[PDB]
Amino acid sequence: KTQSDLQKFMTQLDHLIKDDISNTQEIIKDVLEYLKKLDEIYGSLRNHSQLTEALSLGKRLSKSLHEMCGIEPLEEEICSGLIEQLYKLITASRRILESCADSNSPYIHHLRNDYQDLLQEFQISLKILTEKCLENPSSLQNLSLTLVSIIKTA
């Protein structure tokens, strides 16, 4: 179901923007392209090799995202799907790191490195989101709602 969501989100970009903006067609282009990459990961996960790349994308993908709001009009839909898609990889990847537990090995170091960047970058998207949303919560309800979803305390 995750793989299908990624694909459906791709067409959502080219369509969502095509009706909203155009200059951003290059930005969303990198997003969709990433969704396809992260698409193979979700299905090729738990292989102790593909998950690593899943963290990298979350980080680099964040850069492209930051550009979305850091220039020209911003899209709540795309900003929502991106945050959701990332939260799906952040939850899966996290389960992998814990699967191996503490222990002592260099492999875990590499994961903690690419993972720390995926988490920090993920926090960046939420940070700038709460700021722009703090001004008009009602307006950006989709983002706020999605923000409260990805975050939990159980």
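First residue of the sequence shown: 109, per full-length UniProt numbering; consecutive thereafter. By construction, the Cβ of each residue, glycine as well, lies at the ideal position given by its N, Cα and C atoms.
Would you please state the rounded distance, in angstroms, between the beta carbons of residue 198 and residue 166? I believe it to be under 8 Å. About 7 Å separates the Cβ atoms of residue 198 and residue 166, confirming a contact at the 8 Å cut-off.
Looking only at C-alpha atoms, which of 191, 110, 212, 201 sits nearest to residue 252? With distances taken between Cα atoms, residue 252 lies closest to 191.
Between which two residues does the alpha helix (DSSP H) carrying residue 200 extend? For residue 200, the enclosing alpha helix (DSSP H) has its first and last residue at 184-208.
Applying the criterion that 16 or more other CB atoms from any shown protein chain within 10 Å of the CB defines a buried residue, is residue 132 buried or exposed? Around the beta-carbon of residue 132, 16 or more other beta-carbon atoms lie within 10 Å, marking it buried.
Are the region 135-153 and the region 166-177 touching, with three or more C-beta to C-beta distances below 8 Å? Yes, the region 135-153 is in contact with the region 166-177.
Under the three-state reduction of DSSP, which class applies to residue 262: helix, strand or coil? Looking at residue 262 - three-state DSSP - the assignment turns out to be coil, as it is neither helix nor strand.
CA nearest to the CA of residue 161, picked from 226, 209, 247, 195: Of the candidates 226, 209, 247, 195, the one whose C-alpha sits nearest the C-alpha of residue 161 is 226.
Roughly how many whole angstroms lie between the Cα atoms of residue 129 and residue 187? In this model, residue 129 and residue 187 are separated by some 14 Å (Cα to Cα).
Cα-Cα separation, residue 250 to residue 212: C-alpha separation (whole angstroms): 42 Å.
Find the nearest neighbour of residue 156 within the set 207, 256, 169, judged by alpha-carbon distance. The candidate whose alpha carbon is nearest that of residue 156 is 207.
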